[PDB]
Amino acid sequence: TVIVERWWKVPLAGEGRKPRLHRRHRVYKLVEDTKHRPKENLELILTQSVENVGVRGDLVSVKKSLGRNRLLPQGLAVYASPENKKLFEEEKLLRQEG
Amino acid sequence: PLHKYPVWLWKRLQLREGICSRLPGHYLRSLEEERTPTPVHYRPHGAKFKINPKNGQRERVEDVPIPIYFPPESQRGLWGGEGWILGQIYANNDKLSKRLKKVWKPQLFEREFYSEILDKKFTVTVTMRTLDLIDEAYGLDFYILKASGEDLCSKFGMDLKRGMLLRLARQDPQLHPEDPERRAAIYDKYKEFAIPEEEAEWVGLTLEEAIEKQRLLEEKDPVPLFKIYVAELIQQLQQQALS
Amino acid sequence: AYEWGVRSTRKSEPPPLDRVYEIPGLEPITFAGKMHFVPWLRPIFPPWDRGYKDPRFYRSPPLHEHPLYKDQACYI
Amino acid sequence: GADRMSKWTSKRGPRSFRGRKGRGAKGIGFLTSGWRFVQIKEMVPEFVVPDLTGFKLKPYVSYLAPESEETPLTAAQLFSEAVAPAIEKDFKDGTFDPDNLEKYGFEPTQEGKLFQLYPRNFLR
Amino acid sequence: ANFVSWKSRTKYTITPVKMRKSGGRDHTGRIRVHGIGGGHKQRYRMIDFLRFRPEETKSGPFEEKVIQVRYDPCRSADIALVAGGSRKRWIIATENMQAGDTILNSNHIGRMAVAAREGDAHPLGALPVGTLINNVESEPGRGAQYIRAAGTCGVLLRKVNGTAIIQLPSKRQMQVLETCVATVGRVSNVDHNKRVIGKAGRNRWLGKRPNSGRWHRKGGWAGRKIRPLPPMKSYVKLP
RNA sequence: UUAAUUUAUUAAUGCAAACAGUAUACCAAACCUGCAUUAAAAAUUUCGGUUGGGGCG
RNA sequence: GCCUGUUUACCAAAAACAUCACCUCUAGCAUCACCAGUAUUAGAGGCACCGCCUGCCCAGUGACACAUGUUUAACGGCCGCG
RNA sequence: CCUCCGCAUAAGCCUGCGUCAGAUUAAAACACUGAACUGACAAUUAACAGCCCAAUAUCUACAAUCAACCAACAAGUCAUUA
RNA sequence: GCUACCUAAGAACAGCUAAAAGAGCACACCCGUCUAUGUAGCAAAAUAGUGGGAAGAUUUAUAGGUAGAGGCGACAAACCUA
RNA sequence: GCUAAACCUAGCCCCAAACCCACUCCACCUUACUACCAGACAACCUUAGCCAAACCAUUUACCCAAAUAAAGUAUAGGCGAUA
Ligand SMILES: [Mg+2]
Ligand SMILES: [Mg+2]
Ligand SMILES: [Mg+2]
Ligand SMILES: [Mg+2]
Ligand SMILES: [Mg+2]
Ligand SMILES: [Mg+2]
Ligand SMILES: [Mg+2]
Ligand SMILES: [Mg+2]
Ligand SMILES: [Mg+2]
Ligand SMILES: [Mg+2]
Ligand SMILES: [Mg+2]
Ligand SMILES: [Mg+2]
Ligand SMILES: [Mg+2]
Ligand SMILES: [Mg+2]
Ligand SMILES: [Mg+2]
Ligand SMILES: [Mg+2]
Ligand SMILES: [Mg+2]
């Protein structure tokens, strides 16, 4: 996502009013691109045993491409939401016993 | 001479004049909402006052948005809240050279999505911001039911939202029979939602679609005067009869 | 092989129907009720046939259900 | 410049424009293959005239005729003078049913008959 | 700018079809190619360039008998009416192909070579090395697109494990799959090189307007460029 | 035009994003998006003064 | 100036532009032009039928090769003093 | 006395020298009364020419030039069946 | 709707010598070399004589297409409603 | 004394107030003013420039939320014309 800041400083129009723009407030300056960023990884809770990226039950951070293309559409994982976190740790609490 | 009302109020006057008045009131509120979108193509200011350099005096600061342009392909598929940035550029980032016009188009992708409520696989011309937002919202269905009308920036999104809200409001035979417990589970999952049935139909319409829908509601080919007059006549003879 | 039907002179395929016809359990609000084209959407029309047969607008049945159809070919 | 203001009649264009225009006469048939015109006798209007033989009513009126107030006929008046005695009478005998109004002259739908009123089948 | 193309005929027919000239004008109406238009009128003879297509309900190799060798206006090499079985079709004609002759349309890719005539068409796997060929495809069952003009011919160079390498008349080599059919011999109407036009009237008869008169100065490209022959073009797909 | 500014546009490249296997290594198919370079084609603008007329000096 | 022909409608019809002939460069290819064509082809150009010929040069520019190269029917150039 | 004109079709215009009345006036480059007009009245009558074809498949290689020899290139202006 | 080019389907070219012919004389037609009149003229480009072509790269009737940062151009920086 | 000269009144302008109109019958998107038949194509896009800076190359008020004031202040600007 292309992020741009405005060169030329729009002059602060009111509280209950809209800012009045001129054709010099159409001049932009690229402050960042959101590609060319070090891509973070997302967290998933697995429902099935898979290859070396994990086993069933434990959450794992994998690359966004792998987790969005293979693990989530094929039903191998669930989003690491706080809701299903509770049922998964409860199933861990009932699988491993006293 | 002068108009009585200003030119920018004729739209609301047209809403109060005719068949547009007979639309339901909650649709009229949702049409006259006029709320601001979340920032997409700019970084908003943190505070309301920002002490600046070269004089240590606090100044008010507002954040004004970017006038971003959405083509019709943004209406065909779920983009982010992002579109094209039609703007201008000084050549080598100094203002003493030429001023050139620049268009920043987003990067588009074609990925398949699944919906748990509609039980269908869609092909969408998604971007990367929508993928990140769906990941942040823990599902396509939560992303469409969650994000407001101003932030989808798509009519396909509002159609999907009205479909999901109608499915939630009706409690319909959703998935299929031979599995009603899965129906109860999926309907229980998205329960922090589900406006009434008569309010779910008017979600995400344009003004023209709502005008046509309300026009089709009161279509009503008229009643012949024979039935009206025989009703009046038999009422008069019953009135003269019982006395 | 080299097909002889140039794409520009062939019958164009219709535009893809608007996306409201993929959303299940939802009926679209289209211009069939006003009997004239507008923009903003498009309906799907049922097949039509003439109730009363007309000799100036008659359409033949297809060829393998003509009553004189034979499988083996004759040569006139 | 050509003559803009005078109206566009059938006498004006080239040899193909003449003939395609016409003057407002309602056609009575169709053109077949060999440029023949086939008249259809059910399309040409048949004048329905009566016999005026023993008729006693002139194109003018005598001035000795008295005057009266004008009253344009209204649908309530036509209902009252046409159907209201019959419905009143057979309601007094308690045999009136709101279910079948067709026996008093009401028609549920115009699709059956020859002189249907709202799409106006008949000419004049 | 109503420009509907004249090539609108969905059924193959032997009959000459009326064709409209274009004058270098594309669909918008502006000129795209200069110096074309306004010749003698022509009609189009639909050539069948897939030399091996069997008739309907027939499968194997089939024979054909030549009927006439005409003059086609729409190309350089003249064409031949060829009849066989229960249909007729126009094909491109080769040198020394006259009427009444019988030509073969083969599919069988043999173990050894086949000593073939100057008319018939075999797949490239069955032809002997060094044979002069023409009307070659680039894919099996595409149609003849390369060598077709008058008196031009390509030589088959070598046969490798699953391909055969062809030398076009531009001398650039091109390998193609082993089952691609190609006809044998040079295309008809040699001495098309030796045609003298004679006058500017013939160039107006052929449908070519004269060159424009603005003097252009030659730049850097105008010298004689001695280049190495371009690398071989491969239509064989590899995984 | 070999005058100043620029590449808004196309064509090439390189990097990034996007996809996939791959035994501590390599390969990066095609199309869009951003950035950087080169070229083609262009866009805006200018073309000082004194001068026993102007030009040359 | 090879010829027939073309042009500054309204002051210039020509020795000017085109023209058959010759030569240089670009392109291995399917459907809307080129083309329903395929290197005896198509396009960008110079010169101007024919007859005798078209001498030398890649220093520079441009183009092509990236093997310091190839290219002048490419832009162009083909000496000085005693 | 002239005729290098005229009669028609197509294209274009639309009543624009047919009758009566006014001619006191008005345009006739002057006048009579009529091509540089006013009002009223009345005509152009189709067989000539326009305005056309029920479908689905299928068929249509041998120019024209008295079309008969001869001879060609720029390769052509006309067809059906179930 | 003039004009530059193109597309669709058409039309015209007496007579003589025809060497066979983008051939010769020469009508109709197209163009406009020279002279004279005219210059608020018949005409915002004509008239009279004299000329080139006149079976072709010809002329022309109808419809359509290419439009201005452009169209088109046998390059006249020619034409695009005087 | 001929040509001539003279006229008041149609109407119009600027405001206030108030939100304003549209089928008698027939015809009118094809060659509009046409009674009557089978491909259904369809809209959403930063204004630019003259001009001022005595040239000109960044720049130059025009943007539709009532007034007055803060105030032509803080600010921006080949820190300059000006905004
Ligand atoms: Mg304030
Ligand atoms: Mg040439
Ligand atoms: Mg030249
Ligand atoms: Mg001076
Ligand atoms: Mg001086
Ligand atoms: Mg000459
Ligand atoms: Mg002149
Ligand atoms: Mg001329
Ligand atoms: Mg002259
Ligand atoms: Mg010359
Ligand atoms: Mg030389
Ligand atoms: Mg001649
Ligand atoms: Mg002559
Ligand atoms: Mg010309
Ligand atoms: Mg010149
Ligand atoms: Mg200035
Ligand atoms: Mg000044």
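Chains as they are written, first to last, in the authors' numbering: chain H, 53 to 150; chain X, 2 to 244; chain 5, 30 to 105; chain 9, 14 to 137; chain D, 61 to 299.
Positions of the beta carbon are idealized from the N, C-alpha and C atoms, including for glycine.
One or two residues paired with residue i in a DSSP bridge
{"i": "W150 (chain D)", "result": "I107 (chain D), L141 (chain D)"}
{"i": "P183 (chain D)", "result": "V241 (chain D)"}
{"i": "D85 (chain H)", "result": "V54 (chain H)"}
{"i": "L164 (chain D)", "result": "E123 (chain D)"}
{"i": "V105 (chain H)", "result": "Per DSSP, none; premise fails for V105 (chain H)."}
{"i": "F50 (chain X)", "result": "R61 (chain X)"}
{"i": "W33 (chain 5)", "result": "Bridge partners of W33 (chain 5): none, in fact."}
{"i": "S113 (chain H)", "result": "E95 (chain H)"}
{"i": "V189 (chain D)", "result": "Note: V189 (chain D) sits in no beta bridge, so no partner."}
Rounded separation between residue i and residue j - CA only
{"i": "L146 (chain X)", "j": "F194 (chain X)", "result": "7 angstroms"}
{"i": "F68 (chain 9)", "j": "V74 (chain 9)", "result": "15 angstroms"}
{"i": "residue 248 (chain X)", "j": "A186 (chain X)", "result": "Residue 248 (chain X) lies beyond the residue range present for chain X, which begins at 2 and ends at 244; the question has no answer from this structure."}
{"i": "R76 (chain H)", "j": "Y91 (chain X)", "result": "11 angstroms"}
{"i": "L208 (chain X)", "j": "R23 (chain X)", "result": "12 angstroms"}
{"i": "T53 (chain H)", "j": "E200 (chain X)", "result": "35 angstroms"}
{"i": "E116 (chain D)", "j": "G145 (chain D)", "result": "10 angstroms"}
{"i": "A153 (chain D)", "j": "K293 (chain D)", "result": "27 angstroms"}
{"i": "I96 (chain D)", "j": "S82 (chain D)", "result": "8 angstroms"}
{"i": "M56 (chain 9)", "j": "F128 (chain 9)", "result": "17 angstroms"}
{"i": "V77 (chain D)", "j": "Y104 (chain D)", "result": "5 angstroms"}
{"i": "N62 (chain D)", "j": "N271 (chain D)", "result": "28 angstroms"}
{"i": "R30 (chain X)", "j": "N136 (chain H)", "result": "36 angstroms"}
{"i": "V127 (chain X)", "j": "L289 (chain D)", "result": "47 angstroms"}
{"i": "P133 (chain D)", "j": "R111 (chain D)", "result": "21 angstroms"}
{"i": "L176 (chain X)", "j": "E198 (chain X)", "result": "19 angstroms"}
{"i": "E34 (chain X)", "j": "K162 (chain X)", "result": "18 angstroms"}
Residue i Cβ short of 8 angstroms to ligand 3 heavy atom set
{"i": "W275 (chain D)", "result": "yes"}
{"i": "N271 (chain D)", "result": "yes"}
Nonlocal neighbours in the same chain, by C-beta distance under 6 angstroms from residue i, ignoring five residues either side
{"i": "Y115 (chain X)", "result": "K122"}
{"i": "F135 (chain 9)", "result": "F128"}
{"i": "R113 (chain D)", "result": "none"}
Own chain partners of residue i with C-beta closer than 8 angstroms, once the 5 adjacent residues on each side are dropped
{"i": "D47 (chain 5)", "result": "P57, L70, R71"}
{"i": "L228 (chain D)", "result": "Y206, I207, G214, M234"}
Any non-hydrogen atom of ligand 1 within 8 angstroms of residue i CB
{"i": "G26 (chain X)", "result": "no"}
Beta-carbon proximity list for residue i, same chain, < 7 angstroms, skipping 5 on both sides
{"i": "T88 (chain D)", "result": "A61"}
inquiry  = Quick test of the definition: if touching needs 3 or more C-beta pairs under 8 angstroms, does the region 89 to 107 of chain H touch the region 94 to 105 of chain X?
reply    = Contact between the region 89 to 107 of chain H and the region 94 to 105 of chain X is absent, with fewer than three C-beta pairs closer than 8 angstroms.
query = Using 8 angstroms as the threshold, is the region 230 to 244 of chain D in touch with the region 184 to 198 of chain D, meaning 3 or more CB pairs across them?
reply = Enough Cβ pairs lie closer than 8 angstroms, so yes.
message = Closer than 8 angstroms is the cut-off here; do at least three beta carbon pairs connect the region 128 to 135 of chain X with the region 177 to 192 of chain X?
response = Touching, no, given that fewer than three Cβ pairs across the two stretches are closer than 8 angstroms.
request  = Tell me, please, whether the region 111 to 118 of chain X touches the region 63 to 76 of chain X by the rule of three or more beta-carbon pairs shorter than 8 angstroms.
outcome  = The region 111 to 118 of chain X vs the region 63 to 76 of chain X: no contact.
key: At least three beta-carbon pairs within less than 8 angstroms, the region 7 to 20 of chain X to the region 34 to 50 of chain X   = With fewer than three CB-CB distances shorter than 8 angstroms, the region 7 to 20 of chain X does not count as touching the region 34 to 50 of chain X.
message = Across the region 203 to 215 of chain D and the region 171 to 181 of chain D, are there enough close Cβ pairs to call them in contact, namely three or more that are closer than 8 angstroms?
response = Not touching, per the Cβ criterion.
message = Can you confirm whether the region 187 to 204 of chain D touches the region 159 to 167 of chain D when touching is taken to mean that 3 or more C-beta pairs between the two stretches lie within less than 8 angstroms?
response = The region 159 to 167 of chain D, when compared against the region 187 to 204 of chain D, does not touch it at the 8 angstroms Cβ threshold.
query = Should the region 56 to 65 of chain X be called in touch with the region 226 to 234 of chain X, which here means at least 3 C-beta pairs below 8 angstroms?
reply = Segment contact: the region 56 to 65 of chain X against the region 226 to 234 of chain X, fewer than three CB-CB distances shorter than 8 angstroms; contact not assigned.
The region 54 to 62 of chain H contacting the region 76 to 88 of chain H, beta-carbon criterion three pairs below 8 angstroms = Yes: at least three Cβ pairs fall under 8 angstroms.
message = Quick test of the definition: if touching needs 3 or more C-beta pairs under 8 angstroms, does the region 244 to 262 of chain D touch the region 187 to 197 of chain D?
response = By the Cβ criterion, the region 244 to 262 of chain D is in contact with the region 187 to 197 of chain D, since at least three pairs of Cβ atoms, one from each stretch, lie closer than 8 angstroms.
task = Answer yes if the region 135 to 144 of chain X comes into contact with the region 113 to 132 of chain H, meaning at least three C-beta pairs across the two stretches below 8 angstroms, and no otherwise.
result = Under the three-pair Cβ rule at 8 angstroms, the region 113 to 132 of chain H counts as touching the region 135 to 144 of chain X.
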